[PDB]
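Encoded as structure tokens, the following chain is the form deposited in one PDB entry, with no partner shown.
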């Protein structure tokens, strides 16, 4: 990705809806500031000046915070009607100010948050849990759209939940390309779980001096809430017809699972408290996704565990896999397959729904001349072996694993073609600029089967280990 090279974490500028101040940990001395600082705190700070009580009324609370082991500082500056926040960046304190929450009770958030935390510890369906999470953020945020964006393995995303006022187009069930959120952006959103763009056509406020006197470097704005965004994304937002946006990162098992992406037809800001309330709903959803994944994976390994047990003691041999109706049923269910080919030399045994003997014969030749270490798995065989499109209907996906390289022996599982129409939020394929159109773009995905789960690949590799060793013993 060429767009993945832009350093979005060091723009040296912020958005209009707040001001930024950089203090030296030791002296609490002014090192850098936004040109709009004076406008917000009604007090001009020269670079080198030491922050006193006169300057900042909260200086004694900030000093006590920094000495502490709390990651972030938050203070309600009642006098100026400002929300003050700060984080640690090496030997620096990056302090940010924004207009305070203009009327909103904590029990308004607390009360509406409990309704979801209580809902999704009973541990219901995910879809329903996703929607409930989206529907909450939608309420407290007040955005014209609040959708949940689940990342795929290729880092393309599929909209799995949606709440809206009706002012913005509905994207529920739409798929978006990986380039919409480039790698370095995905990496930043993994560690920094919040971001807000109240106005797409904000005029960036420079931070001066450009070079920080303490570090001799530009400011690391990775954890700056006011950080000026990448122009290419603003251009993207303008094309989507979104004047304002806010997104919360859903981080599960240390990885970026998805986003709670909120958009608005016209400029729209959210209070520090409400933003933290949304980051908190994202963590509740995150806590649940992990458990259901953990339990569904556990249930699957138990289910395949019962099947493996019957096969392993059935062999203790090929009639342990091929014996009668029961043995062959277990062979296919072992990895949730519809067919299997057990090829031991020139002896072919086809179970359930398989390609022709000749077609399977040609597949083993194609596999043999490729570096197939333990097992080869794909849910789209046609993608690498175009010839396989002829029997896509019976074997769109396979798990192939050799049991005796010397004898040219293989156990291959087959999965049939599962046809589905992929709704794309515009044309995927089409300095790089964002696409102007986001109209439902449909493609018929052919020659692709249901994906192979990790429990299934684990069960496959385990049966291979049992077969290999028997053949080793017999030979």
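Residue numbers count along the first chain shown, from 1. Rigid core here is just the name for the largest C-alpha set that superposes within 1.5 Å across the two forms.
- Per the record, residue 26 and residue 27 follow each other directly, and no deposited residue is missing between them.
- Per the record, residue 365 and residue 366 follow each other directly, and no deposited residue is missing between them.
- For the pair 265-273 and 249-257, the mean B factor over Cα atoms is greater in 265-273.
- For the two regions 438-446 and 406-414, the entry's Cα B-factors average higher over 438-446.
- Among 378, 72, 192, 239, the highest C-alpha B-factor in the deposited entry belongs to 239.
- Ranking 153, 229, 392, 136 by Cα temperature factor from the entry places 136 first.
- The deposited CA B-factor of residue 356 belongs to the lowest third of values across its chain.
- Sorting the modelled residues of the chain by their CA temperature factor places residue 304 in the lowest third.
- For residue 374, the recorded CA temperature factor ranks within the highest third of the chain's modelled residues.
- Per the deposited record, the Cα B-factor of residue 80 falls in the highest third when ranked against the other modelled residues of its chain.
- Compared with the other modelled residues of the chain, the Cα B-factor recorded for residue 54 ranks in the highest third.
Absent from the display: the form deposited in another entry. The rest refers to it.
- Relative to the superposed rigid core, the position of the CA of residue 464 differs between the shown form and the other one by 2 Å or more.
- Here residue 345 counts as shifted, since its C-alpha moves by at least 2 Å between the shown form and the other one after the core is aligned.
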